[PDB]
Amino acid sequence: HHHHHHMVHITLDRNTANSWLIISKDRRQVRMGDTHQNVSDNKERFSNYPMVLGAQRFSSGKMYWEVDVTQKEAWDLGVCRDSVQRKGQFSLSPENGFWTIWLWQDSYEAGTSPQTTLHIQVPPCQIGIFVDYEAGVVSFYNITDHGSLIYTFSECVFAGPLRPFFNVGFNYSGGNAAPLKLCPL
Ligand SMILES: COC1CN(S(=O)(=O)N2CCCC2)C1
């Protein structure tokens, strides 16, 4: 692709994080902690899942960023409305305000309703995410495979400001402790 020039510097918003997440000092990395991380509760925190938002809000334009997923077994990545549900159980779908892909149990899927199988020959170590607000597009790229397209959501109905969205996944297996990292420009 040729979207690299729309690169934006994303940082994570501590206040939105599930209470078990550990965000690095530079706000560029997140991982699952062993326990509650000793923060107060608030209405912004995702309660049921190991999720966190970027601080940046987008309402126009073209935006691109990259995320490192090296050695993880499970994660969700994409964008979401600023007003997504934070508490209780919910599915990742455009109806609920999410435009995401994920890895789970050795397969990749797009967060449509129902979910869509992805065809990836080279397991990615870094994912590129492109948002065109005006066009209603969210696209995902395999940086490990020379930028090959993974998935395009088109005809998106954002219906609000967008925020970068992250889920580090649970670590029941002991194989999913590695962080998500925002990669440098
Ligand atoms: C980073 O590794 C730690 C192992 N655990 S956990 O994922 O099994 N789990 C999630 C909530 C209860 C314990 C996090």
# chains A, B, ... in the order shown; residues from 1 in each chain; ligands from 1

$ closest_atom_pairs --of "chain A" --to "ligand 1" --cutoff "10 Å" --atoms "only C-alpha atoms and all ligand atoms" --output "Markdown table"
| residue | atom | partner | partner_atom_place_in_ligand_line | distance |
| --- | --- | --- | --- | --- |
| A:20 | CA | ligand 1 | 11 (C) | 7.9 |
| A:21 | CA | ligand 1 | 1 (C) | 9.1 |
| A:22 | CA | ligand 1 | 1 (C) | 9.9 |
| A:31 | CA | ligand 1 | 1 (C) | 7.4 |
| A:32 | CA | ligand 1 | 1 (C) | 4.7 |
| A:33 | CA | ligand 1 | 1 (C) | 4.9 |
| A:34 | CA | ligand 1 | 3 (C) | 4.2 |
| A:35 | CA | ligand 1 | 14 (C) | 6.8 |
| A:36 | CA | ligand 1 | 11 (C) | 8.9 |
| A:48 | CA | ligand 1 | 11 (C) | 9.7 |
| A:49 | CA | ligand 1 | 10 (C) | 9.0 |
| A:50 | CA | ligand 1 | 10 (C) | 8.5 |
| A:168 | CA | ligand 1 | 1 (C) | 9.7 |
| A:169 | CA | ligand 1 | 7 (O) | 7.8 |
| A:170 | CA | ligand 1 | 7 (O) | 4.3 |
| A:171 | CA | ligand 1 | 7 (O) | 3.3 |
| A:172 | CA | ligand 1 | 8 (O) | 3.7 |
| A:173 | CA | ligand 1 | 8 (O) | 6.9 |
| A:174 | CA | ligand 1 | 4 (C) | 6.2 |
| A:175 | CA | ligand 1 | 2 (O) | 8.4 |
| A:176 | CA | ligand 1 | 1 (C) | 7.1 |
| A:177 | CA | ligand 1 | 1 (C) | 4.6 |
| A:178 | CA | ligand 1 | 1 (C) | 8.0 |
| A:179 | CA | ligand 1 | 1 (C) | 9.5 |

$ residues_around --residues "region 109-122 of chain A" --least-positions-apart "4" --cutoff "9 Å" --atoms "only C-alpha atoms" --output "list in words"
residues 76, 91, 92, 93, 94, 95, 98, 99, 100, 101, 102, 103, 104, 142, 144, 145, 150, 151 and 153 of chain A

$ write_last_selection --atoms "C-alpha atoms" --output "PDB file, in the first residue's frame"
ATOM      1  CA  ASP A  76      -8.187  -7.729  18.807  1.00  0.00           C
ATOM      2  CA  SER A  91     -19.592  -8.674  20.733  1.00  0.00           C
ATOM      3  CA  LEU A  92     -17.166  -6.763  18.491  1.00  0.00           C
ATOM      4  CA  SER A  93     -19.319  -5.736  15.486  1.00  0.00           C
ATOM      5  CA  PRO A  94     -20.047  -2.592  13.456  1.00  0.00           C
ATOM      6  CA  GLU A  95     -23.600  -2.625  14.950  1.00  0.00           C
ATOM      7  CA  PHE A  98     -16.355  -1.613  16.387  1.00  0.00           C
ATOM      8  CA  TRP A  99     -14.281  -2.160  13.172  1.00  0.00           C
ATOM      9  CA  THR A 100     -11.763  -4.844  14.187  1.00  0.00           C
ATOM     10  CA  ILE A 101      -9.853  -8.017  13.265  1.00  0.00           C
ATOM     11  CA  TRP A 102      -8.520 -10.640  15.654  1.00  0.00           C
ATOM     12  CA  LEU A 103      -6.366 -13.678  16.184  1.00  0.00           C
ATOM     13  CA  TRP A 104      -7.937 -16.537  18.190  1.00  0.00           C
ATOM     14  CA  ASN A 142       0.166  -7.411   6.870  1.00  0.00           C
ATOM     15  CA  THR A 144       5.440  -8.823   7.653  1.00  0.00           C
ATOM     16  CA  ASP A 145       4.194  -9.766   4.095  1.00  0.00           C
ATOM     17  CA  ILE A 150      -5.824  -8.439   5.152  1.00  0.00           C
ATOM     18  CA  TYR A 151      -9.349  -6.951   5.189  1.00  0.00           C
ATOM     19  CA  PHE A 153     -14.551  -2.687   5.960  1.00  0.00           C
TER      20      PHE A 153
END

$ atom_distance --atom1 "CA of residue 143 (chain A)" --atom2 "CA of residue 8 (chain A)"
16.4 Å

$ closest_residue --among "A:54, A:61, A:184, A:160" --to "residue 126 (chain A)" --atoms "only C-alpha atoms"
A:184

$ residues_around --residues "residue 85 (chain A)" --least-positions-apart "5" --cutoff "10 Å" --atoms "only C-alpha atoms" --output "PyMOL selection string"
chain A and resi 43-47+90+96-97

$ write_last_selection --atoms "N, CA and C atoms" --output "mmCIF file, in the first residue's frame"
data_model
loop_
_atom_site.group_PDB
_atom_site.id
_atom_site.type_symbol
_atom_site.label_atom_id
_atom_site.label_comp_id
_atom_site.auth_asym_id
_atom_site.auth_seq_id
_atom_site.Cartn_x
_atom_site.Cartn_y
_atom_site.Cartn_z
ATOM 1 N N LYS A 43 -16.015 5.037 35.023
ATOM 2 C CA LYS A 43 -17.032 4.611 34.035
ATOM 3 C C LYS A 43 -16.391 4.372 32.649
ATOM 4 N N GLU A 44 -15.184 4.853 32.404
ATOM 5 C CA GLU A 44 -14.485 4.670 31.084
ATOM 6 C C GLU A 44 -13.863 3.268 30.996
ATOM 7 N N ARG A 45 -13.528 2.602 32.100
ATOM 8 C CA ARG A 45 -12.708 1.363 32.005
ATOM 9 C C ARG A 45 -13.486 0.200 31.436
ATOM 10 N N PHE A 46 -12.913 -0.527 30.476
ATOM 11 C CA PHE A 46 -13.516 -1.783 30.012
ATOM 12 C C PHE A 46 -13.464 -2.799 31.167
ATOM 13 N N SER A 47 -14.587 -3.323 31.602
ATOM 14 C CA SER A 47 -14.633 -4.157 32.838
ATOM 15 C C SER A 47 -14.394 -5.628 32.545
ATOM 16 N N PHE A 90 -20.280 -7.966 25.542
ATOM 17 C CA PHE A 90 -20.688 -7.497 24.208
ATOM 18 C C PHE A 90 -19.819 -8.133 23.138
ATOM 19 N N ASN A 96 -22.322 -2.618 17.057
ATOM 20 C CA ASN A 96 -21.931 -2.175 18.406
ATOM 21 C C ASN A 96 -20.867 -1.074 18.368
ATOM 22 N N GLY A 97 -20.451 -0.594 17.190
ATOM 23 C CA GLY A 97 -19.492 0.510 17.096
ATOM 24 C C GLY A 97 -18.034 0.089 16.991
#

$ select_by_dssp --residues "chain A" --states "strand (DSSP E or B)" --output "PDB file with N, CA and C atoms, in the first residue's frame"
ATOM      1  N   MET A   7       0.579   8.566   8.493  1.00  0.00           N
ATOM      2  CA  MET A   7       1.006   8.078   9.828  1.00  0.00           C
ATOM      3  C   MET A   7       0.614   9.086  10.901  1.00  0.00           C
ATOM      4  N   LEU A  12      -1.693   5.452  24.288  1.00  0.00           N
ATOM      5  CA  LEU A  12      -2.809   4.778  24.972  1.00  0.00           C
ATOM      6  C   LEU A  12      -3.354   5.630  26.105  1.00  0.00           C
ATOM      7  N   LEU A  21      -4.475  -4.090  33.186  1.00  0.00           N
ATOM      8  CA  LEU A  21      -3.486  -3.756  32.141  1.00  0.00           C
ATOM      9  C   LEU A  21      -2.352  -2.905  32.728  1.00  0.00           C
ATOM     10  N   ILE A  22      -1.182  -3.099  32.140  1.00  0.00           N
ATOM     11  CA  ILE A  22       0.043  -2.316  32.458  1.00  0.00           C
ATOM     12  C   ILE A  22       0.432  -1.596  31.175  1.00  0.00           C
ATOM     13  N   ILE A  23       0.331  -0.270  31.216  1.00  0.00           N
ATOM     14  CA  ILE A  23       0.718   0.600  30.071  1.00  0.00           C
ATOM     15  C   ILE A  23       2.077   1.197  30.363  1.00  0.00           C
ATOM     16  N   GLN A  29       3.033   0.984  24.769  1.00  0.00           N
ATOM     17  CA  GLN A  29       2.964  -0.479  24.937  1.00  0.00           C
ATOM     18  C   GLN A  29       1.942  -0.805  26.019  1.00  0.00           C
ATOM     19  N   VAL A  30       1.289  -1.947  25.869  1.00  0.00           N
ATOM     20  CA  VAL A  30       0.326  -2.449  26.870  1.00  0.00           C
ATOM     21  C   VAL A  30       0.472  -3.963  26.967  1.00  0.00           C
ATOM     22  N   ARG A  31       0.354  -4.486  28.175  1.00  0.00           N
ATOM     23  CA  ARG A  31       0.322  -5.941  28.402  1.00  0.00           C
ATOM     24  C   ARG A  31      -0.613  -6.239  29.575  1.00  0.00           C
ATOM     25  N   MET A  32      -0.999  -7.513  29.629  1.00  0.00           N
ATOM     26  CA  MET A  32      -1.804  -8.088  30.734  1.00  0.00           C
ATOM     27  C   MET A  32      -0.916  -8.234  31.973  1.00  0.00           C
ATOM     28  N   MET A  51      -9.067  -4.688  27.434  1.00  0.00           N
ATOM     29  CA  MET A  51      -9.183  -3.674  26.367  1.00  0.00           C
ATOM     30  C   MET A  51      -8.762  -2.294  26.872  1.00  0.00           C
ATOM     31  N   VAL A  52      -8.305  -1.478  25.919  1.00  0.00           N
ATOM     32  CA  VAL A  52      -7.875  -0.079  26.155  1.00  0.00           C
ATOM     33  C   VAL A  52      -8.052   0.705  24.853  1.00  0.00           C
ATOM     34  N   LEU A  53      -8.304   2.003  24.976  1.00  0.00           N
ATOM     35  CA  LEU A  53      -8.405   2.914  23.819  1.00  0.00           C
ATOM     36  C   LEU A  53      -7.180   3.768  23.639  1.00  0.00           C
ATOM     37  N   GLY A  54      -6.895   4.156  22.389  1.00  0.00           N
ATOM     38  CA  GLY A  54      -5.983   5.301  22.149  1.00  0.00           C
ATOM     39  C   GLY A  54      -6.574   6.613  22.665  1.00  0.00           C
ATOM     40  N   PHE A  58     -10.664  10.827  16.226  1.00  0.00           N
ATOM     41  CA  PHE A  58     -10.674  11.183  14.780  1.00  0.00           C
ATOM     42  C   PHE A  58     -12.107  11.374  14.309  1.00  0.00           C
ATOM     43  N   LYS A  62      -7.660  11.085   6.878  1.00  0.00           N
ATOM     44  CA  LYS A  62      -7.036   9.788   6.657  1.00  0.00           C
ATOM     45  C   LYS A  62      -5.979   9.643   7.747  1.00  0.00           C
ATOM     46  N   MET A  63      -5.933   8.467   8.371  1.00  0.00           N
ATOM     47  CA  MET A  63      -5.045   8.143   9.507  1.00  0.00           C
ATOM     48  C   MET A  63      -4.454   6.751   9.305  1.00  0.00           C
ATOM     49  N   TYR A  64      -3.209   6.536   9.672  1.00  0.00           N
ATOM     50  CA  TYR A  64      -2.521   5.226   9.537  1.00  0.00           C
ATOM     51  C   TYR A  64      -1.677   5.034  10.780  1.00  0.00           C
ATOM     52  N   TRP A  65      -1.696   3.827  11.328  1.00  0.00           N
ATOM     53  CA  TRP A  65      -0.709   3.467  12.378  1.00  0.00           C
ATOM     54  C   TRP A  65      -0.384   1.968  12.295  1.00  0.00           C
ATOM     55  N   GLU A  66       0.648   1.541  13.028  1.00  0.00           N
ATOM     56  CA  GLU A  66       1.099   0.127  13.029  1.00  0.00           C
ATOM     57  C   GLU A  66       1.215  -0.404  14.444  1.00  0.00           C
ATOM     58  N   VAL A  67       0.901  -1.676  14.594  1.00  0.00           N
ATOM     59  CA  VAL A  67       0.925  -2.341  15.905  1.00  0.00           C
ATOM     60  C   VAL A  67       1.734  -3.629  15.790  1.00  0.00           C
ATOM     61  N   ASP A  68       2.632  -3.846  16.756  1.00  0.00           N
ATOM     62  CA  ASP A  68       3.436  -5.077  16.873  1.00  0.00           C
ATOM     63  C   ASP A  68       2.671  -6.083  17.700  1.00  0.00           C
ATOM     64  N   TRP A  75      -5.560 -11.567  20.299  1.00  0.00           N
ATOM     65  CA  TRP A  75      -5.641 -10.088  20.381  1.00  0.00           C
ATOM     66  C   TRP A  75      -6.767  -9.651  19.472  1.00  0.00           C
ATOM     67  N   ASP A  76      -7.256  -8.455  19.716  1.00  0.00           N
ATOM     68  CA  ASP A  76      -8.187  -7.729  18.807  1.00  0.00           C
ATOM     69  C   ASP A  76      -7.559  -6.358  18.506  1.00  0.00           C
ATOM     70  N   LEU A  77      -7.679  -5.859  17.286  1.00  0.00           N
ATOM     71  CA  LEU A  77      -7.171  -4.543  16.883  1.00  0.00           C
ATOM     72  C   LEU A  77      -8.168  -3.880  15.945  1.00  0.00           C
ATOM     73  N   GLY A  78      -8.244  -2.554  16.063  1.00  0.00           N
ATOM     74  CA  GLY A  78      -8.927  -1.747  15.025  1.00  0.00           C
ATOM     75  C   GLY A  78      -9.249  -0.364  15.551  1.00  0.00           C
ATOM     76  N   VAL A  79     -10.486   0.066  15.293  1.00  0.00           N
ATOM     77  CA  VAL A  79     -11.051   1.354  15.789  1.00  0.00           C
ATOM     78  C   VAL A  79     -12.446   1.104  16.346  1.00  0.00           C
ATOM     79  N   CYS A  80     -12.901   2.062  17.125  1.00  0.00           N
ATOM     80  CA  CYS A  80     -14.263   2.017  17.617  1.00  0.00           C
ATOM     81  C   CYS A  80     -14.808   3.414  17.843  1.00  0.00           C
ATOM     82  N   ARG A  81     -16.121   3.503  17.924  1.00  0.00           N
ATOM     83  CA  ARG A  81     -16.755   4.774  18.330  1.00  0.00           C
ATOM     84  C   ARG A  81     -16.287   5.172  19.728  1.00  0.00           C
ATOM     85  N   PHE A  98     -17.750  -1.140  16.512  1.00  0.00           N
ATOM     86  CA  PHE A  98     -16.355  -1.613  16.387  1.00  0.00           C
ATOM     87  C   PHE A  98     -16.027  -2.032  14.959  1.00  0.00           C
ATOM     88  N   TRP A  99     -14.820  -1.740  14.487  1.00  0.00           N
ATOM     89  CA  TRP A  99     -14.281  -2.160  13.172  1.00  0.00           C
ATOM     90  C   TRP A  99     -12.920  -2.780  13.443  1.00  0.00           C
ATOM     91  N   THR A 100     -12.904  -4.104  13.590  1.00  0.00           N
ATOM     92  CA  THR A 100     -11.763  -4.844  14.187  1.00  0.00           C
ATOM     93  C   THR A 100     -11.483  -6.145  13.424  1.00  0.00           C
ATOM     94  N   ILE A 101     -10.252  -6.615  13.606  1.00  0.00           N
ATOM     95  CA  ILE A 101      -9.853  -8.017  13.265  1.00  0.00           C
ATOM     96  C   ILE A 101      -9.258  -8.621  14.526  1.00  0.00           C
ATOM     97  N   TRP A 102      -9.097  -9.922  14.503  1.00  0.00           N
ATOM     98  CA  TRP A 102      -8.520 -10.640  15.654  1.00  0.00           C
ATOM     99  C   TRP A 102      -7.826 -11.911  15.259  1.00  0.00           C
ATOM    100  N   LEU A 103      -6.939 -12.332  16.170  1.00  0.00           N
ATOM    101  CA  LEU A 103      -6.366 -13.678  16.184  1.00  0.00           C
ATOM    102  C   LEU A 103      -6.959 -14.417  17.360  1.00  0.00           C
ATOM    103  N   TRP A 104      -7.361 -15.670  17.143  1.00  0.00           N
ATOM    104  CA  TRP A 104      -7.937 -16.537  18.190  1.00  0.00           C
ATOM    105  C   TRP A 104      -7.803 -17.989  17.767  1.00  0.00           C
ATOM    106  N   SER A 107      -6.489 -18.958  14.197  1.00  0.00           N
ATOM    107  CA  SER A 107      -7.158 -18.385  12.989  1.00  0.00           C
ATOM    108  C   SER A 107      -7.388 -16.884  13.155  1.00  0.00           C
ATOM    109  N   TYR A 108      -7.378 -16.203  12.042  1.00  0.00           N
ATOM    110  CA  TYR A 108      -7.651 -14.746  11.957  1.00  0.00           C
ATOM    111  C   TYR A 108      -9.037 -14.524  11.411  1.00  0.00           C
ATOM    112  N   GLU A 109      -9.795 -13.609  12.020  1.00  0.00           N
ATOM    113  CA  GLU A 109     -11.183 -13.282  11.586  1.00  0.00           C
ATOM    114  C   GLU A 109     -11.438 -11.777  11.686  1.00  0.00           C
ATOM    115  N   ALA A 110     -12.260 -11.255  10.772  1.00  0.00           N
ATOM    116  CA  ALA A 110     -12.769  -9.885  10.862  1.00  0.00           C
ATOM    117  C   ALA A 110     -14.033  -9.872  11.717  1.00  0.00           C
ATOM    118  N   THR A 116     -16.048 -13.056   9.870  1.00  0.00           N
ATOM    119  CA  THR A 116     -15.571 -13.424   8.528  1.00  0.00           C
ATOM    120  C   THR A 116     -14.171 -14.020   8.618  1.00  0.00           C
ATOM    121  N   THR A 117     -13.963 -15.189   8.045  1.00  0.00           N
ATOM    122  CA  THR A 117     -12.650 -15.830   7.969  1.00  0.00           C
ATOM    123  C   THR A 117     -11.666 -15.013   7.147  1.00  0.00           C
ATOM    124  N   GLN A 126       3.543  -7.538  12.583  1.00  0.00           N
ATOM    125  CA  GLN A 126       3.039  -6.139  12.714  1.00  0.00           C
ATOM    126  C   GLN A 126       1.888  -5.933  11.723  1.00  0.00           C
ATOM    127  N   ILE A 127       0.860  -5.222  12.204  1.00  0.00           N
ATOM    128  CA  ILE A 127      -0.426  -4.948  11.507  1.00  0.00           C
ATOM    129  C   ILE A 127      -0.451  -3.442  11.239  1.00  0.00           C
ATOM    130  N   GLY A 128      -0.769  -3.048  10.004  1.00  0.00           N
ATOM    131  CA  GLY A 128      -1.080  -1.661   9.678  1.00  0.00           C
ATOM    132  C   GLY A 128      -2.569  -1.423   9.611  1.00  0.00           C
ATOM    133  N   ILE A 129      -3.022  -0.305  10.172  1.00  0.00           N
ATOM    134  CA  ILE A 129      -4.459   0.068  10.225  1.00  0.00           C
ATOM    135  C   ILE A 129      -4.634   1.435   9.564  1.00  0.00           C
ATOM    136  N   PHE A 130      -5.491   1.461   8.566  1.00  0.00           N
ATOM    137  CA  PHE A 130      -5.796   2.685   7.792  1.00  0.00           C
ATOM    138  C   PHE A 130      -7.270   3.003   7.954  1.00  0.00           C
ATOM    139  N   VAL A 131      -7.577   4.265   8.292  1.00  0.00           N
ATOM    140  CA  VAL A 131      -8.957   4.801   8.402  1.00  0.00           C
ATOM    141  C   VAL A 131      -9.098   5.983   7.448  1.00  0.00           C
ATOM    142  N   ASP A 132     -10.083   5.884   6.579  1.00  0.00           N
ATOM    143  CA  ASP A 132     -10.522   7.053   5.758  1.00  0.00           C
ATOM    144  C   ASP A 132     -11.916   7.432   6.275  1.00  0.00           C
ATOM    145  N   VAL A 137     -14.103   3.895   5.355  1.00  0.00           N
ATOM    146  CA  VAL A 137     -13.219   2.709   5.140  1.00  0.00           C
ATOM    147  C   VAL A 137     -12.322   2.519   6.349  1.00  0.00           C
ATOM    148  N   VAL A 138     -12.184   1.244   6.733  1.00  0.00           N
ATOM    149  CA  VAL A 138     -11.126   0.776   7.665  1.00  0.00           C
ATOM    150  C   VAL A 138     -10.424  -0.426   7.009  1.00  0.00           C
ATOM    151  N   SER A 139      -9.139  -0.323   6.802  1.00  0.00           N
ATOM    152  CA  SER A 139      -8.353  -1.403   6.169  1.00  0.00           C
ATOM    153  C   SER A 139      -7.183  -1.826   7.043  1.00  0.00           C
ATOM    154  N   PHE A 140      -6.855  -3.103   6.916  1.00  0.00           N
ATOM    155  CA  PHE A 140      -5.815  -3.795   7.689  1.00  0.00           C
ATOM    156  C   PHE A 140      -4.795  -4.377   6.730  1.00  0.00           C
ATOM    157  N   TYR A 141      -3.532  -4.232   7.073  1.00  0.00           N
ATOM    158  CA  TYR A 141      -2.397  -4.629   6.203  1.00  0.00           C
ATOM    159  C   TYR A 141      -1.420  -5.503   6.987  1.00  0.00           C
ATOM    160  N   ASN A 142      -0.829  -6.459   6.299  1.00  0.00           N
ATOM    161  CA  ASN A 142       0.166  -7.411   6.870  1.00  0.00           C
ATOM    162  C   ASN A 142       1.561  -6.831   6.613  1.00  0.00           C
ATOM    163  N   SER A 148       0.678  -6.593   2.431  1.00  0.00           N
ATOM    164  CA  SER A 148      -0.466  -7.204   1.708  1.00  0.00           C
ATOM    165  C   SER A 148      -1.770  -6.893   2.449  1.00  0.00           C
ATOM    166  N   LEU A 149      -2.840  -6.713   1.733  1.00  0.00           N
ATOM    167  CA  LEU A 149      -4.167  -6.467   2.342  1.00  0.00           C
ATOM    168  C   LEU A 149      -4.655  -7.700   3.082  1.00  0.00           C
ATOM    169  N   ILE A 150      -5.129  -7.451   4.316  1.00  0.00           N
ATOM    170  CA  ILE A 150      -5.824  -8.439   5.152  1.00  0.00           C
ATOM    171  C   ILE A 150      -7.340  -8.317   5.020  1.00  0.00           C
ATOM    172  N   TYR A 151      -7.883  -7.107   5.172  1.00  0.00           N
ATOM    173  CA  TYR A 151      -9.349  -6.951   5.189  1.00  0.00           C
ATOM    174  C   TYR A 151      -9.678  -5.466   5.019  1.00  0.00           C
ATOM    175  N   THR A 152     -10.780  -5.169   4.321  1.00  0.00           N
ATOM    176  CA  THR A 152     -11.370  -3.826   4.180  1.00  0.00           C
ATOM    177  C   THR A 152     -12.822  -3.845   4.602  1.00  0.00           C
ATOM    178  N   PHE A 153     -13.156  -3.085   5.654  1.00  0.00           N
ATOM    179  CA  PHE A 153     -14.551  -2.687   5.960  1.00  0.00           C
ATOM    180  C   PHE A 153     -14.844  -1.450   5.095  1.00  0.00           C
ATOM    181  N   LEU A 162     -14.032   8.541  16.262  1.00  0.00           N
ATOM    182  CA  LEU A 162     -13.363   7.197  16.357  1.00  0.00           C
ATOM    183  C   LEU A 162     -12.147   7.285  17.267  1.00  0.00           C
ATOM    184  N   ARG A 163     -11.907   6.168  17.970  1.00  0.00           N
ATOM    185  CA  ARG A 163     -10.688   5.980  18.766  1.00  0.00           C
ATOM    186  C   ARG A 163      -9.971   4.694  18.394  1.00  0.00           C
ATOM    187  N   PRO A 164      -8.628   4.690  18.356  1.00  0.00           N
ATOM    188  CA  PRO A 164      -7.881   3.425  18.211  1.00  0.00           C
ATOM    189  C   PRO A 164      -8.304   2.457  19.318  1.00  0.00           C
ATOM    190  N   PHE A 165      -8.460   1.178  18.964  1.00  0.00           N
ATOM    191  CA  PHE A 165      -8.959   0.114  19.868  1.00  0.00           C
ATOM    192  C   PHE A 165      -7.971  -1.060  19.916  1.00  0.00           C
ATOM    193  N   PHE A 166      -7.776  -1.575  21.153  1.00  0.00           N
ATOM    194  CA  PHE A 166      -6.794  -2.643  21.433  1.00  0.00           C
ATOM    195  C   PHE A 166      -7.395  -3.633  22.429  1.00  0.00           C
ATOM    196  N   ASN A 167      -7.122  -4.913  22.227  1.00  0.00           N
ATOM    197  CA  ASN A 167      -7.386  -5.979  23.224  1.00  0.00           C
ATOM    198  C   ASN A 167      -6.150  -6.884  23.259  1.00  0.00           C
ATOM    199  N   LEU A 180       1.096  -5.699  23.246  1.00  0.00           N
ATOM    200  CA  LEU A 180       0.873  -4.929  22.000  1.00  0.00           C
ATOM    201  C   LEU A 180       1.778  -3.701  22.075  1.00  0.00           C
ATOM    202  N   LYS A 181       2.438  -3.377  20.976  1.00  0.00           N
ATOM    203  CA  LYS A 181       3.325  -2.182  20.933  1.00  0.00           C
ATOM    204  C   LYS A 181       2.971  -1.328  19.732  1.00  0.00           C
ATOM    205  N   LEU A 182       2.831  -0.041  19.923  1.00  0.00           N
ATOM    206  CA  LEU A 182       2.711   0.934  18.811  1.00  0.00           C
ATOM    207  C   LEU A 182       4.104   1.139  18.223  1.00  0.00           C
TER     208      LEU A 182
END

$ select_by_dssp --residues "region 5-168 of chain A" --states "helix (DSSP H, G or I)" --output "list in words"
residues 5, 6, 14, 15, 16, 94, 95 and 96 of chain A

$ write_last_selection --atoms "N, CA and C atoms" --output "short mmCIF file (atom, residue, chain, number, x, y, z; two decimals), in the first residue's frame"
data_model
loop_
_atom_site.label_atom_id
_atom_site.label_comp_id
_atom_site.auth_asym_id
_atom_site.auth_seq_id
_atom_site.Cartn_x
_atom_site.Cartn_y
_atom_site.Cartn_z
N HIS A 5 2.25 7.78 4.53
CA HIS A 5 2.32 9.26 4.71
C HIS A 5 1.21 9.82 5.60
N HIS A 6 0.14 9.07 5.88
CA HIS A 6 -0.96 9.46 6.82
C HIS A 6 -0.64 9.00 8.23
N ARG A 14 -4.70 5.55 29.62
CA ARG A 14 -4.69 4.81 30.92
C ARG A 14 -6.09 4.73 31.52
N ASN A 15 -6.86 5.82 31.43
CA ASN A 15 -8.16 5.93 32.10
C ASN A 15 -9.20 4.96 31.55
N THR A 16 -9.03 4.52 30.28
CA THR A 16 -9.96 3.60 29.60
C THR A 16 -9.57 2.14 29.85
N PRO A 94 -19.72 -3.96 13.86
CA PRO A 94 -20.05 -2.59 13.46
C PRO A 94 -21.36 -2.12 14.10
N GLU A 95 -22.32 -3.00 14.30
CA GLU A 95 -23.60 -2.63 14.95
C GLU A 95 -23.32 -2.06 16.35
N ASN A 96 -22.32 -2.62 17.06
CA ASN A 96 -21.93 -2.17 18.41
C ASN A 96 -20.87 -1.07 18.37
#

$ atom_distance --atom1 "CA of residue 1 (chain A)" --atom2 "CA of residue 136 (chain A)"
17.8 Å

$ decode --residues "region 93-103 of chain A" --atoms "N, CA, C and O atoms" --output "mmCIF file, in the first residue's frame"
data_model
loop_
_atom_site.group_PDB
_atom_site.id
_atom_site.type_symbol
_atom_site.label_atom_id
_atom_site.label_comp_id
_atom_site.auth_asym_id
_atom_site.auth_seq_id
_atom_site.Cartn_x
_atom_site.Cartn_y
_atom_site.Cartn_z
ATOM 1 N N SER A 93 -18.607 -5.800 16.773
ATOM 2 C CA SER A 93 -19.319 -5.736 15.486
ATOM 3 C C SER A 93 -19.523 -4.265 15.141
ATOM 4 O O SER A 93 -19.597 -3.434 16.030
ATOM 5 N N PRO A 94 -19.717 -3.960 13.860
ATOM 6 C CA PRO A 94 -20.047 -2.592 13.456
ATOM 7 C C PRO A 94 -21.357 -2.119 14.101
ATOM 8 O O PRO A 94 -21.421 -0.924 14.462
ATOM 9 N N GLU A 95 -22.319 -3.005 14.299
ATOM 10 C CA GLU A 95 -23.600 -2.625 14.950
ATOM 11 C C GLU A 95 -23.319 -2.064 16.351
ATOM 12 O O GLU A 95 -24.054 -1.197 16.869
ATOM 13 N N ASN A 96 -22.322 -2.618 17.057
ATOM 14 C CA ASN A 96 -21.931 -2.175 18.406
ATOM 15 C C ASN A 96 -20.867 -1.074 18.368
ATOM 16 O O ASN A 96 -20.435 -0.641 19.432
ATOM 17 N N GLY A 97 -20.451 -0.594 17.190
ATOM 18 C CA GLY A 97 -19.492 0.510 17.096
ATOM 19 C C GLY A 97 -18.034 0.089 16.991
ATOM 20 O O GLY A 97 -17.191 0.900 17.337
ATOM 21 N N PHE A 98 -17.750 -1.140 16.512
ATOM 22 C CA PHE A 98 -16.355 -1.613 16.387
ATOM 23 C C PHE A 98 -16.027 -2.032 14.959
ATOM 24 O O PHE A 98 -16.872 -2.787 14.396
ATOM 25 N N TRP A 99 -14.820 -1.740 14.487
ATOM 26 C CA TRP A 99 -14.281 -2.160 13.172
ATOM 27 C C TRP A 99 -12.920 -2.780 13.443
ATOM 28 O O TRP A 99 -11.934 -2.055 13.639
ATOM 29 N N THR A 100 -12.904 -4.104 13.590
ATOM 30 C CA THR A 100 -11.763 -4.844 14.187
ATOM 31 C C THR A 100 -11.483 -6.145 13.424
ATOM 32 O O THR A 100 -12.355 -6.693 12.743
ATOM 33 N N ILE A 101 -10.252 -6.615 13.606
ATOM 34 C CA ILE A 101 -9.853 -8.017 13.265
ATOM 35 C C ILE A 101 -9.258 -8.621 14.526
ATOM 36 O O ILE A 101 -8.847 -7.877 15.463
ATOM 37 N N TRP A 102 -9.097 -9.922 14.503
ATOM 38 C CA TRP A 102 -8.520 -10.640 15.654
ATOM 39 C C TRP A 102 -7.826 -11.911 15.259
ATOM 40 O O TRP A 102 -8.014 -12.467 14.172
ATOM 41 N N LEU A 103 -6.939 -12.332 16.170
ATOM 42 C CA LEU A 103 -6.366 -13.678 16.184
ATOM 43 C C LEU A 103 -6.959 -14.417 17.360
ATOM 44 O O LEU A 103 -6.988 -13.892 18.485
#
